[PDB]
Amino acid sequence: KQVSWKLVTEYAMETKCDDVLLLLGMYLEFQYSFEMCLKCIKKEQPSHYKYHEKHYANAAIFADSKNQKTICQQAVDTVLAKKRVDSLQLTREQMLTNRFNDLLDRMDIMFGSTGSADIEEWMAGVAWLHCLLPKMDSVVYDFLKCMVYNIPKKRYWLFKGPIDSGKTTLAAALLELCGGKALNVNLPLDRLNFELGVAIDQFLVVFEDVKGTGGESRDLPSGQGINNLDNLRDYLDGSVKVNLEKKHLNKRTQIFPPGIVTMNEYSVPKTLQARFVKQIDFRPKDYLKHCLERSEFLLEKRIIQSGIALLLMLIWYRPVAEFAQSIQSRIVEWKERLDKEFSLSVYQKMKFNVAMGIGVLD
Amino acid sequence: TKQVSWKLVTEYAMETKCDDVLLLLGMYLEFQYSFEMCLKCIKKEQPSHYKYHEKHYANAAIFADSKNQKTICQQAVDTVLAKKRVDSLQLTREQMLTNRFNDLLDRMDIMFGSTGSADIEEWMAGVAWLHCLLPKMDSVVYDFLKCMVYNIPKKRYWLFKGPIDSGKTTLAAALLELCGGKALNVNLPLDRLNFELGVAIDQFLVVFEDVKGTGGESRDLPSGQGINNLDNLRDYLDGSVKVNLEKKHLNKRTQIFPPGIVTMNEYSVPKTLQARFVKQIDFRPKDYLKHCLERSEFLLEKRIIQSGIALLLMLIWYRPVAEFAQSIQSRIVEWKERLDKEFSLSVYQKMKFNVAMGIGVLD
Amino acid sequence: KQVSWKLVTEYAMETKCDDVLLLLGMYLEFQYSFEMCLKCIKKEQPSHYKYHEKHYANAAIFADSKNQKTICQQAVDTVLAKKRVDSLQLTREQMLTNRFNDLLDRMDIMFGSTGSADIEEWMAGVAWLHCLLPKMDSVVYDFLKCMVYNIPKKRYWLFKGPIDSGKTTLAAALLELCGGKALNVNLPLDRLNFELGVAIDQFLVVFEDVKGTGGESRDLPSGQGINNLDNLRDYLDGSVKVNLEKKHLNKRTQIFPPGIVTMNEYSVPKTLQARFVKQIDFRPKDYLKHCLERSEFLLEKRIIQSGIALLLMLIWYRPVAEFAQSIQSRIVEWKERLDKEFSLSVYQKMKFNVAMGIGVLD
Amino acid sequence: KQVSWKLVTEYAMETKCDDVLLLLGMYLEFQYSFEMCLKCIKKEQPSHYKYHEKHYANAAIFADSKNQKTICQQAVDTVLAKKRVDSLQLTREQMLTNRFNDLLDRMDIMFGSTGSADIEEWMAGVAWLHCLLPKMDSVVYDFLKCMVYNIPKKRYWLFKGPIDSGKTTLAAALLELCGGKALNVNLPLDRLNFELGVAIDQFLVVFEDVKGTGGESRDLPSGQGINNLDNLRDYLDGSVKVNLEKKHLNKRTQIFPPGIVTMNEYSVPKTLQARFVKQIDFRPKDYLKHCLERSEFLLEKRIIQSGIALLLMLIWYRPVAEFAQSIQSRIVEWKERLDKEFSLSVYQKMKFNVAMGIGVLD
Amino acid sequence: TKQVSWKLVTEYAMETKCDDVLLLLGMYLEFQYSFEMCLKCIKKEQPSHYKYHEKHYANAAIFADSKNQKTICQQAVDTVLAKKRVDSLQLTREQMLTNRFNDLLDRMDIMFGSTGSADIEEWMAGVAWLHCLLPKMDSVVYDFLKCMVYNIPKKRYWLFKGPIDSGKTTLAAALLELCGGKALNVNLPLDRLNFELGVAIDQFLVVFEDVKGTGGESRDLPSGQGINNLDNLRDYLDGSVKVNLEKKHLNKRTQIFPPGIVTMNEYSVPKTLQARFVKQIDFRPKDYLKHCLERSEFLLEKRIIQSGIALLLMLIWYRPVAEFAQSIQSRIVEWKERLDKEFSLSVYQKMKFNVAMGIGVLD
Ligand SMILES: Nc1ncnc2c1ncn2[C@@H]1O[C@H](COP(=O)(O)OP(=O)(O)O)[C@@H](O)[C@H]1O
Ligand SMILES: Nc1ncnc2c1ncn2[C@@H]1O[C@H](COP(=O)(O)OP(=O)(O)O)[C@@H](O)[C@H]1O
Ligand SMILES: Nc1ncnc2c1ncn2[C@@H]1O[C@H](COP(=O)(O)OP(=O)(O)O)[C@@H](O)[C@H]1O
Ligand SMILES: Nc1ncnc2c1ncn2[C@@H]1O[C@H](COP(=O)(O)OP(=O)(O)O)[C@@H](O)[C@H]1O
Ligand SMILES: Nc1ncnc2c1ncn2[C@@H]1O[C@H](COP(=O)(O)OP(=O)(O)O)[C@@H](O)[C@H]1O
Ligand SMILES: [Mg+2]
Ligand SMILES: [Mg+2]
Ligand SMILES: [Mg+2]
Ligand SMILES: [Mg+2]
Ligand SMILES: [Mg+2]
Ligand SMILES: [Zn+2]
Ligand SMILES: [Zn+2]
Ligand SMILES: [Zn+2]
Ligand SMILES: [Zn+2]
Ligand SMILES: [Zn+2]
């Protein structure tokens, strides 16, 4: 007779949907018969086939409702409220553990019968990424600890090196593995605020491609990013809280999230250099390039820049004791799933091919 | 019974001082589920949750089906904001600070309780480190509090000065948490300062963080307008007459600027600005302080040395019960006794000794 | 079971509340039982104790309402509406008289059995202020008459003198005595017009610390204030209405308010100097300083900066016939209370201690 | 039982009230007993005493209404709608005739038993203004015709002369006699739009005190007004319609209203000079100044800058045949009222005193 | 019957093409009063009033007491705007122009009727003056209309060029009223042009008024970016591909830029811009035109020579009924007959003679 707003809210929650139009579009697909639904039989989208049958009755009524968007907004607000709560109550590690569980759910599907991803091509991604930097898995592990501990004046890493050396690649994968936002600090000192406002409630922040002015005789463009960065000392330090706002849509005082800054070997003042407790230098590697040429899927399926590849790397290299206790049982299941499909020699072989500059799957 | 009680939601909001509509909505929705089979209540994770779930369960169940959830929460939050407005205008500075203290104490009863996740020993170690940061640290804090409460004209600002990494921000941040207030950056262009100053509206105290100035910049010290800007805010700092504070294209309020702190490196302070401070505290780097921390990482990892709770523990351990407000003097006795049952003067003195040696407080 | 919106509006009008959140927070206090109300019995706030009993019934219901904020907004709108009508229909003298009755109501409490003010400390304030300038009570009275008559070209007084000579102290007291706003015109000629918008519907305005140029030699910061004032002739003179804009919207076309300009001794053009009907020179006095050092309470309690100190001075010095007929009986009452508290000799002694720089109450 | 929104609308209309808070404030004064209403007996405000009795019943109910502001907004919109209609349907002369009738209503009261204005002091204003410019009444008459005809490229007059020569005075009086808005064109080329938007629906526009840059060695300040004016050629010409908007609150395409530009003898390019079909040069006159010194009421009561003084001047000098036929009967009544109180010699005497530099009423 | 009919208000709005909510509200409120004792209806002042008062009286009386007046009018106006949107997308350019013409004709039936206040003789005098402004003026207008209607790529823009006061704006303004459209000023900074161009959205035609350019400025001709800006708008002027038009921080619509006119003084036109025009008409000052007007002030006072109605009268007097759209060819016959009954070829030729002599058209 009348639509259950609660049920729409429950769907948005289980789906973690915070987009009102997307929620509206998805729920409306449930108004059709679940009996011969091709979308459900073909198991195309989990966000659809796992919920159609259950929501069919409510959706049928929803389809006739005259307050559809209003119902969806309240659902989306409930999702936003839960993020609000988590942001204020969960420890930093729990936030991370939650993200890991969300990625593993995504992994269960892509590497499952729902069919889509070839777990072999992803481990090849792990091999390639493990040749981009020395002791790459330790680098990731240490980065995660630095992000969780969130120590004043010891929360930012600097990714520095020539173009095409892997800075954006690794930073993008870390951003997806942890959650967070990329920010452009090169903007003028009169809009750099609406930008910093995106950090609100964010676990981490990446200051992508910060352009300087020192040594611009090396084909290096001109930007204010560096100066506009050496003036955000209180933001980077994370000692005192800062006031952040994104338009009238949201405002909040808090310690600015920790993160990374990436730049193409410019000139870094000591006043800004002091803000970074670690600087990783990336270097172009002939073999990494040649490998990719013969391992096109890595780029075509955008595997090396994905957070799932980094999580897979942690599952393979890191001891179970290093993960949060609550998620350990699950990490064990994947370590076994990975050991079930890849012999050490088989994975080592992939690393070999990468170093040799040939196809990872050769 | 078939309709949500807005008044009950307002009561929860009021009890937890919730002035965030999204936070209220999310908190209340967690009460919709049975209280008998609640993981959150059995684990005693959040007081704001487990102390209220059972009582609000029936109402939350109804709230869960309501189609006006946001509107209900908005009125509840507006009530909390209205109360804050009344209190800011009618409570005495001393009462504001006292209520502030009762709240910190509640958080302490939990974090150091059976359901707590904090280790009282590591926090007392923070008090030890902090008591080595400055001479007679507990008097510095005590005197600062009286200064902020009395808010006497011309006697409202303290200058925190010294080299980088000497403790200026660590102490100011802990004081900001102990009394409440906002941190401001006045190292901006004159035609943008107005909005930063608006951040001080209704604040108990304000900290002008890392103010920089043109001069003596030979010490690798950057140039900044911070000093000049402050030197032009006499009426704000003195607090004799009210000033117009703006925020959101409108002077949201004309008031006595709050009292506070100014943290600053080793720049040259003009005479007309130096006159604005009733006290200047000098901070100095100390080998044992750095080395001690390296062996007591928990102090920084858990943000203990910059916590208002470390300072409150310090006052409870060092100051006479009589120096606290009458209303709370009882809780202070409660904490002084539990502090003595868990820490003999022997263990504390060694902690201070280890810090002085740069060993690692706890060992 | 129905809330009376009218009763909430009546409460707002009686306490002249035009702050929606304050009104809401105050009315909500009335929902609790009053018989044993300690706020009421210890008479802590007149805004509370004079109304709780009377509004308790309506408030109990109000507490059950789902439109609390909306009820309060209509109430606040009525208060704003009355001010609008009054600004357009009251005579300037009636406006001042209303202001005086409000200060007196506040004085009845302060110096009453439940007040927290010590009338002796406030009278000591009148003594200190009467030594700040020659014929002080005449200065204040002539100023009030100037502000009330609001005659074109004869509406602005210039307060000029060194730093710390009492310019702001007196300007602040007069602002409180008559009501109005202080304005900063040292801003760029750009964002200057939004500043003038602050003067909308104000009884008077004070251009605080107007800076110029050239005086930098005698150690005086530079600013545009002087220059800007020189270009605001039509605003200052008050012969023609001017267009004022506040909140990004032309709120009103009116005769700019009359007022004061305080300055730290810069050079003033003959054209600007012509905008002032009177100039008062403030001068530092060591005994005024020494007195304060031994009469701390005058600053700690902010007495010398208060509009109340000035009203008390007018009560003590001015003949009854100089006040508006309607408040005269109320003025006569305060004169009697003052004569009761202080003999001419007791007051003369205060003025003697000030002149001697020793402590007004010695 | 329930409030009549229609009746509130009728009041706002008869009162020409387009201010919601003012409307709210005024209507709420009608909720009180009309029997012993002091405001009505004292005949203080026409907007009140002429309507209290009639609205008493509706206002009493209004006082209890829960939608007060909403009711007032609809009333104000009705007033705005009527202006909208008139603006689009009335001829230019009818617009003027309507304004004249509104001023005469104002005059009937001020010069009537409601008591307030001394018609003798106002005619003295007519005398003074008639000595400010040669053939002043013809100047006004010709200006009105130019504003009504509104001929392309022949719609703007230039008021030019030294400071204190009468430019703002006459322009202010003409602005009130016709209706219209004063605009500041000195603003930067990035806000000069929100300003021009105030002209929408306006009968006339005055570009008050336009500052140039030519000859700034004569103590003449610096401004962009002149250039920002020589770029509004299409606005001044009024040949093609222009797009005007005042924030999101209103927008409209139309021919920019005709008007006046006033400036203190700067340098006027021929590219801008061509826009003015007439330029009136104002000159300081010793006797005008001395007269005012001995005729303080003229300035104190702001009579010489009022549109009512100019209307009185037209009633005295202009033949009835020159006014719109519909208003002629009324102009005759005032010509007789004026001839009833002032002999030609009596008025001539006033003009004499002005020329002699003595009190107009001597 | 006790409730307002929104549909009836929408119908009135639709009948009068009222897309202004305030204008609709005010117009409708005038119908609330009795139609039997209506001064406005008895004086036949406004067709939009007297043609509808009686019919809407009953509904307006109810509307007058409604508490949702603005909401009702808004839906009625939204309907008129929706119709305009449909027509802009589905009517042919020829139909748009025809509807435009029927509207001008209605205004003409009234202004020159018994209830009218206009004098047909003075307006015909305007046609006479205008026919002396340019050679074969009626063909210039006729050809321009076909060009605007066909809207053929590369053949959409006419250049109006000549000294100041030669008739460029007078003609363009009359053409703007005859076909509808907006006037634009492109003499702005490149970083502000985008918004001006947005004014052209949905317009039938556009006139780039008084475009100025750097060069030959010796002729006392100011410098301007108008020329350079146009020279950089090839794709807009050509009308082969759609362009993105922005208005209100969003490309409200991607469309073929409208065709139109460019008025311009005697500046130097680059080759790449000159190529953008299919026709250039030269305007020249004429003594008799100026002197004629001085003796026929009514032409300027009533704005007759710059009126679309003067041009419509010109087409009706000079062009063969066959050159008009079929749908209206009947009304054109209606006007050609009344024009011949009021004006013999003798009176008209003298008018043109007087203009040529600079006497004063009508005498
Ligand atoms: N270390 C490397 N050596 C050779 N090629 C690389 C290396 N890192 C990345 N690439 C290739 O070059 C591209 C550069 O990617 P990116 O990480 O965005 O570079 P940058 O360091 O400029 O951010 C990648 O998409 C990848 O295909
Ligand atoms: N007196 C000190 N001597 C040595 N190290 C210190 C001292 N005070 C603080 N530190 C360490 O250096 C960091 C500097 O902290 P902070 O108080 O913010 O410095 P600053 O004085 O520049 O504001 C702290 O996080 C702490 O780990
Ligand atoms: N004439 C004076 N002589 C000595 N001290 C004064 C005098 N006037 C005020 N003071 C003291 O100095 C402070 C200066 O106040 P203020 O009126 O703001 O000075 P300014 O003239 O700069 O506006 C006062 O609070 C008071 O303590
Ligand atoms: N022609 C004049 N001769 C002498 N004094 C005048 C004259 N015109 C105006 N005044 C006086 O000087 C003031 C100047 O007024 P105003 O019209 O604003 O001058 P401006 O020409 O600068 O706009 C008036 O208020 C009036 O008292
Ligand atoms: N060809 C002409 N010769 C003489 N005067 C003219 C001519 N055309 C128009 N005029 C007069 O000069 C004014 C100039 O009008 P307009 O068409 O806007 O000029 P422009 O060619 O500069 O755009 C007209 O209002 C009219 O009274
Ligand atoms: Mg990159
Ligand atoms: Mg610091
Ligand atoms: Mg001062
Ligand atoms: Mg002037
Ligand atoms: Mg032109
Ligand atoms: Zn399905
Ligand atoms: Zn629970
Ligand atoms: Zn009470
Ligand atoms: Zn009355
Ligand atoms: Zn009618």
Side-chain angles (χ1 to χ4, degrees), chain B residues 152-154 234-235 238-241 272 275, chain C residues 26 28-56 59 125 128-129 131-134 136 159-174 182 206 208-210 260 262-265 280-293 295-296 298-300 302-305 354 357, chain D residues 152-153 233-234 237-240 274, chain E residues 160-173 183 185 207-212 261-266 283 306:
Chain B
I152 306 172
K154 295 165 192 179
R234 183 179 57 124
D235 292 326
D238 287 355
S240 296
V241 164
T272 55
Chain C
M26 282 312 260
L28 285 180
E29 290 189 337
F30 303 157
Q31 80 190 78
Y32 305 112
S33 51
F34 69 77
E35 291 78 30
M36 245 91 104
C37 179
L38 292 182
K39 285 176 168 286
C40 265
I41 297 170
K42 299 191 187 303
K43 298 199 177 180
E44 315 182 317
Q45 301 289 338
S47 253
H48 178 84
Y49 77 72
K50 294 170 64 173
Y51 304 91
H52 187 5
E53 196 297 308
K54 185 193 204 303
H55 287 275
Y56 166 74
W128 187 98
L129 285 163
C131 293
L132 178 61
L133 241 40
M136 184 62 290
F159 284 11
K160 198 176 186 181
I163 191 73
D164 291 344
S165 69
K167 301 187 298 303
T168 295
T169 295
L170 186 64
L174 294 169
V206 171
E208 260 281 286
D209 200 300
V210 174
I260 299 170
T262 71
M263 183 184 295
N264 285 318
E265 281 197 306
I280 291 186
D281 299 297
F282 291 64
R283 200 149 304 185
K285 299 180 181 192
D286 289 278
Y287 57 81
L288 290 180
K289 179 193 74 183
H290 294 308
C291 177
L292 283 174
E293 300 176 359
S295 307
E296 305 100 305
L298 287 177
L299 283 178
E300 305 177 323
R302 306 184 171 71
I303 289 165
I304 65 181
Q305 301 81 11
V354 175
Chain D
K153 293 170 179 284
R233 297 171 172 176
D234 53 305
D237 290 2
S239 283
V240 301
Chain E
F160 279 17
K161 199 175 178 176
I164 301 288
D165 297 344
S166 50
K168 304 188 296 299
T169 295
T170 301
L171 186 53
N185 172 39
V207 175
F208 283 114
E209 179 72 351
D210 186 45
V211 293
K212 296 146 60 183
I261 304 172
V262 165
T263 59
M264 172 201 285
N265 294 318
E266 298 170 302
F283 292 68
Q306 48 280 101

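Atoms within a ligand are numbered from 1 in the order they appear, just like the ligands themselves. Residue numbers begin at 1 in each chain, while the letters A, B, ... track the order of the sequences.
- Annotation: C:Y32, atom OH; neighbour count of heavy atoms from other residues, nucleotides and ligands within 6.0 Å does not exceed 12.
- Checked by atom type, the side-chain pair C:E29/C:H48 shows a donor-acceptor distance below 3.5 Å.
- Ligand 3 has a nitrogen or oxygen under 3.5 angstrom from a nitrogen or oxygen of C:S165.
- No part of C:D209 comes within 4.0 Å of ligand 3, judged by heavy-atom distances.
- Of all protein heavy atoms, the one lying nearest to atom 16 (P) of ligand 3 is C:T169 OG1, 3.6 Å.
- Heavy atoms of C:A171 stay at 4.0 angstrom or farther from ligand 3.
- C:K39 places no side-chain N or O within donor-acceptor distance of the main-chain N or O of C:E44, the cut-off being under 3.5 Å.
- With rounding to the nearest 0.5 angstrom, the NZ atom of C:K43 is 13.5 Å from the CD atom of C:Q45.
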- Could you walk me through whether C:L174 and C:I260 pass the side chain to side chain contact (heavy atoms under 4.5 Å, CB included) check? CA-CA 10 Å; C:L174 294 169; C:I260 299 170; 3.7 Å; yes
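- Of the protein's heavy atoms, C:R283 O, 3.0 Å lies nearest to atom 1 (N) of ligand 3.
- Inspection of the environment of the Mg ion (ligand 10) yields the following protein N, O or S atoms under 2.8 Å: E:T169 OG1.
- Close approach of ligand 3 to C:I163 is summarised as follows: ligand atoms under 4.0 Å from at least one heavy atom of the residue are 22 (O).
- Any N or O atom pair closer than 3.5 Å counts here, and C:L288 shares no such pair with ligand 3.
- In summary, the atoms of ligand 3 found under 4.0 Å from a heavy atom of C:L132, numbered by their order in the structure, are 1 (N), 8 (N).
- Between C:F30 and C:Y56, the ring centre distance reaches or exceeds 6.0 Å.
- Aromatic ring centres of E:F160 and E:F283: separated by under 6.0 Å.
- Of the protein's non-hydrogen atoms, C:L292 CD1, 4.2 Å is the one closest to atom 11 (C) of ligand 3.
- Any N or O atom pair closer than 3.5 Å counts here, and B:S240 shares no such pair with ligand 3.
- On a distance-only criterion, C:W128 and ligand 3 share no N/O pair closer than 3.5 Å.
- Of the protein's non-hydrogen atoms, the one nearest atom 9 (C) of ligand 3 is C:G166 N, 3.7 Å.
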- Check step by step if side chain to side chain contact (heavy atoms under 4.5 Å, CB included) holds for D:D234 and E:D210. CA-CA 9 Å; D:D234 53 305; E:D210 186 45; over 6 Å; no
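- C:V210 approaches C:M263 most closely through the heavy-atom pair O-CG, 3.7 Å.
- Nearest N/O/S atom of C:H48 relative to the Zn ion (ligand 13): this is NE2.
- Considering backbone and side-chain N/O atoms, B:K154 comes within less than 3.5 Å of an N/O atom of ligand 3.
- Counting protein heavy atoms only, atom 18 (O) of ligand 3 is closest to C:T168 CB, 3.2 Å.
- Between the E:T170 side chain and the E:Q306 main chain, no donor and acceptor come within less than 3.5 Å of each other.
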- Message: Test side chain to side chain contact (heavy atoms under 4.5 Å, CB included) on C:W128 and C:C291; report intermediate values, then the result.
- Response: CA-CA 8 Å; C:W128 187 98; C:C291 177; 4.0 Å; yes
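- Looking only at heavy atoms of the protein, atom 21 (O) of ligand 3 is closest to C:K167 NZ, 2.8 Å.
- The nearest heavy-atom contact from the protein to atom 3 (N) of ligand 3 is C:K285 N, 2.8 Å.
- Residue B:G239 comes nearest to B:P153 through the heavy atom pair O-CG, 3.6 Å, listed as atom of the first residue, atom of the second, then distance.
- Contacts between C:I304 and ligand 3, counted as non-hydrogen atom pairs separated by less than 4.0 Å, are absent for every part of the residue.
- Short contacts between ligand 3 and C:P284, defined as distances under 4.0 Å to a heavy atom of the residue, involve ligand atoms 1 (N), 2 (C), 3 (N).
- Residue C:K285 qualifies as enclosed at atom NZ: its count of foreign heavy atoms under 6.0 Å is above 12.
- Listed by number with element, the atoms of ligand 3 under 4.0 angstrom from any heavy atom of C:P162 are 21 (O).
- The pair B:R234-C:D164 meets the salt-bridge criterion, with a side-chain N (NZ, NE, NH1 or NH2) lying under 4.0 Å from an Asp/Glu carboxylate O.
- Not a single N or O atom of C:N264, backbone or side chain, sits closer than 3.5 Å to an N or O atom of ligand 3.
- Contacts of C:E293 with ligand 3, taken as heavy-atom pairs under 4.0 Å, are absent altogether.
- No side-chain donor from either of E:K161 and E:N265 sits under 3.5 Å from a side-chain acceptor of the other.
- Residue C:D286 has no nitrogen or oxygen atom sitting less than 3.5 Å from a nitrogen or oxygen atom of ligand 3, judged on distance alone.
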- Task: Just do the side chain to side chain contact (heavy atoms under 4.5 Å, CB included) check on C:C40 and C:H52 with the steps written out, would you?
- Result: CA-CA 7 Å; C:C40 265; C:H52 187 5; 3.6 Å; yes
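- Counting protein heavy atoms only, atom 6 (C) of ligand 3 is closest to C:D164 O, 3.5 Å.
- With rounding to the nearest 0.5 Å, the separation of OG in B:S240 from CD1 in C:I304 is 7.5 Å.
- Checked for salt-bridge contact, B:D238 and B:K154 miss the test: no charged N lies under 4.0 Å from a carboxylate O.
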